[PDB]
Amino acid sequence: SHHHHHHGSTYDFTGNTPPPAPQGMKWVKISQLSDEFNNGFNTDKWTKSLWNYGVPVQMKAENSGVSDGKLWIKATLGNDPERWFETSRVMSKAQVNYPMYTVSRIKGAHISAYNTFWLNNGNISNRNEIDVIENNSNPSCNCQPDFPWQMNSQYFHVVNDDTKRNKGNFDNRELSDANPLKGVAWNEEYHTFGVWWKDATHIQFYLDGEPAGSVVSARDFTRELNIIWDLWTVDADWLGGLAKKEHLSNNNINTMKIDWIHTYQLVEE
């Protein structure tokens, strides 16, 4: 045959297409939440947000930037015994509401840390949040055998310290046979990770163009959310274990790279 394998799927394995538009609707680009990262760090769109997670995280503005067509976040070694994991966080200045779709092309740092892509508005006691990835391809804990291919996705709906949470994980070994990223670990190549936030409760994740996990919020979302990427570690087996300090001097594994983000609003045609 003269055809290509990708012609046999309605999915775009490159991640460059949103989900099918429902009848009477269309996808339009939100330019303030989209970037190819070819024109530096655009401060009209993005900000370095430096609140810390727990020890050993130290968020720093110099641990993120835009270079060689990518947004990057690098983990380096500090000399405070309790804040030695120097890292960074980039978040949108604009906020977004349903119905919307966002997808980002990411190659993770190969250290024991969550490489993240998430949407949030709020704090520990009151928030609406969608985690598209919390992906760790190099767990140190000897306890996460599927982590190199496991897409960790979930939501949180928190009202006055009452948490509703559910996971909708997916595994990249469950992608379709024609998808060339099937079984490719998170550090080996860039993957695309998306979310169709359909309405106040329905959240559908996407991986390399294919429907991944999904969740239904137990309560309506009511907030508009910022888009965030960060890289963090902690001494917890659910994260995959604490990052090895020796890996932070290796520039081939210590850097999370984001090639692009495409964000779309679904609107009336």
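The numbering used is simple: start at 1 and walk along the sequence shown.
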Q. Which is higher on average in the deposited entry, the C-alpha temperature factors of 102-110 or of 118-126?
A. 118-126
Q. Where do the C-alpha atoms have the higher mean temperature factor in this entry, in 18-26 or in 252-260?
A. 18-26
Q | Candidate set 229, 232, 51, 238 [ranked by C-alpha B-factor, highest] | A | 51
**Q.** Relative C-alpha B-factor of residue 44, binned into the chain's lowest, middle or highest third
**A.** highest
**Q.** Third assignment of residue 66 from its chain's C-alpha B-factors
**A.** highest
(Q) Ranking the modelled residues of this chain by C-alpha B-factor as given in the entry, is residue 218 in the lowest, middle or highest third? (A) highest
**Q.** Third of the chain, ranked by Cα B-factor, where residue 140 sits
**A.** middle
Q: Could you tell me which third, lowest, middle or highest, the C-alpha B-factor of residue 182 occupies within its chain?
A: middle
